[PDB]
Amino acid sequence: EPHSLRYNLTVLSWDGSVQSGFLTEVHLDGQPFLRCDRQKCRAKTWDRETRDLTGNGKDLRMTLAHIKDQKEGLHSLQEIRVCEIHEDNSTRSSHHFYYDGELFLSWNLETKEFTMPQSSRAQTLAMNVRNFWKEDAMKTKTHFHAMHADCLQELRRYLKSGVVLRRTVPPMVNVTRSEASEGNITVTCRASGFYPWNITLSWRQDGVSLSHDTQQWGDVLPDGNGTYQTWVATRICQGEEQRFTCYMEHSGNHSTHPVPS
């Protein structure tokens, strides 16, 4: 799965007055990395990040001022940009604008074109904003491309410098017996402490995967340690436990786990 960098920039208005404050959330490989305001960036010094992201914040304050808006109280405008680097070293891009938490405008690198949702309030917001950018040549094709190119340079800079909040962690596996009743037993196979999220876990009778319906399935739960845990159980006759193994694929590692005793 790809390396990614996301910039989530929010500006706010109270009764059509745009607030001085804005905030940029930066996420690296899906992880909260930096929170940035007008003054400073903070991790979980950051001088080059504060310069770049203060620029975009001001452009976005100006953009919210050009939004015609009968409704009073609180409104928010967000610019959300992501770049991705994949296995094959191919890259992806997205660049989206949200008003009061709803999409109204995207820019598409491949076509160099705006896209709008079908809603008519989406189309009004979008034209308020596009017409503002055109009058002043404020956000041109070239500006959109350059923001994407900086996104990729910064992601590469973070990767080159070993801010790589990512490594494989194979599961710990434990098989247990339970509900020993009416000459039946539940066999439970637990995978814990694992990263990444993607896992295959299955009971087999004589090395053949049981159907989904004859098995019971944990969700995949966050540990609170950055990792995941899940499980699968099935109901067998006492005396037959030799015929049942837990099969697991994680991260190129195919392993098999019998019922103990």
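Note that residue numbering begins at 1 and tracks the sequence as displayed.
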**OP:** Count up the deposited residues without coordinates from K44 to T45 and drop the result into none, 1 to 3, 4 to 9, or 10 or more.
**Re:** 10 or more
**OP:** Could you check the entry and say whether 174-182 or 152-160 has the higher mean CA B-factor?
**Re:** 174-182
Subject >> Between the two ranges 163-171 and 96-104, the one averaging a larger CA B factor in the entry >> reply: 163-171
Original post:
Checking the entry, which one of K58, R48, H66, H27 has the top C-alpha B factor?
Top reply: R48
Original post:
Which one, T256, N8, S4, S261, has the peak C-alpha temperature factor per the PDB entry?
Top reply: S261
**OP:** Looking at the entry's B-factor column for C-alpha atoms only, identify whether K112 ranks in the lowest, middle or highest third of its chain.
**Re:** highest
**OP:** Taking the values exactly as deposited, rank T188 by C-alpha B-factor within its chain and report the matching third: lowest, middle or highest.
**Re:** lowest
**OP:** Could you tell me which third, lowest, middle or highest, the C-alpha B-factor of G252 occupies within its chain?
**Re:** middle
**OP:** Would you please rank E87 by its C-alpha temperature factor against the other modelled residues of its chain and give the third it falls in: lowest, middle or highest?
**Re:** highest
Original post:
When the modelled residues of the chain are sorted by Cα temperature factor, does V18 land in the lowest, middle or highest third?
Top reply: middle
